[PDB]
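Let's start with one chain on its own, the form deposited without ligand ADP, as structure tokens.
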């Protein structure tokens, strides 16, 4: 068993990507090489890749995509990129053409989970609750069926950039103007508050298993550090409901390796907020920790991820 880990990427999650890349190498039960994608899009292989991982950042790379890499050497590829050219199906597509088995969601599932509009339409039709929303494209008159406040953000730029919290319809125009500079499509979601954030991990292909439910609480600013409460203090029924829904969405979307399913809990009602196909992998990330609590040692989690890649 030979595994190829690819980390970095030209997204803003570049460094956190390296951090989880480090977490994986220092715990994965297989011989694993590393390939790094620099912020300028160029790849770094071999030793130069390890240097990068040690500096936790690679501003510029050496090889222009597609890199002169010897894919025959690997049984499984473990993509660890985020956002654009990461969890959006493009790299997945490349690997499919190379004929290499890989960890995580395939082309369809990744591209769908990276589109706040299409994924909501699918989940809603399947019954899974999502926050009321509307999609608005550049050039078309905005039709928001709900009053403010709400969020305006580009549709498939899975980030925090471009997002704006509109309080009055009069500022909608400008909000859509901002997002339309990142994607021709944007979404307007009804803002909820008070609201709790629940997260659950899933592992397996299509039919997965849920980890325990955890919760994220942010501390006061001093950039308040995010607390990870596991298990989250829920009723023994609402938790199963979070797991049930996470698994249902996981199934309909056809996700394959893993995914962190994020939920909003506002005044007794749950809302599937986001399904992350490539979560964090630092032993400190909500992800591995949730499964640790579920009786799945970290090294064991990685083993199952690579094996699932071959089935």
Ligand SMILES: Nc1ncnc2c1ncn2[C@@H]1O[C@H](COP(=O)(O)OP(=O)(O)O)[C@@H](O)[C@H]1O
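We call the rigid core the largest set of C-alpha positions that still match within 1.5 Å between the two forms. Residue numbers count along the first chain shown, from 1.
Omitted from view is the form deposited with ligand ADP bound, to which the following refers.
Ligand ADP in the entry with it bound is not approached by residue 207, whose heavy atoms all lie more than 4.5 angstroms from it.
Within 4.5 Å of any heavy atom of ligand ADP in the entry with it bound lies no heavy atom of residue 110. In the entry with it bound, at least one heavy atom of residue 274 sits within 4.5 Å of ligand ADP. Although the partner is absent here, residue 157 sits close enough that one of its heavy atoms falls within 4.5 Å of ligand ADP in the entry with it bound. Annotated contacts: 163, 191 and 218 all touch ligand ADP in the entry with it bound [non-hydrogen atom within 4.5 angstroms].
With ligand ADP left out of view, the stretch that reaches within 4.5 Å of it through heavy atoms in the entry with it bound is, among 266 to 274, 62 to 70, 29 to 37, 45 to 53, 266 to 274. Between ligand ADP and the residues 76, 131, 234, 144, the one pair within 4.5 Å by heavy atoms in the entry with it bound involves 131. The contact residue chosen from 195, 98, 226, 229 relative to ligand ADP in the entry with it bound is 195, the criterion being a non-hydrogen atom within 4.5 angstroms. Superposed on the core, the two forms barely differ at residue 214: its CA moves less than 2 Å between the shown form and the other one. A movement of the C-alpha atom of residue 157 reaching 2 angstroms or beyond is seen between the shown form and the other one when the two forms are aligned on their rigid core.
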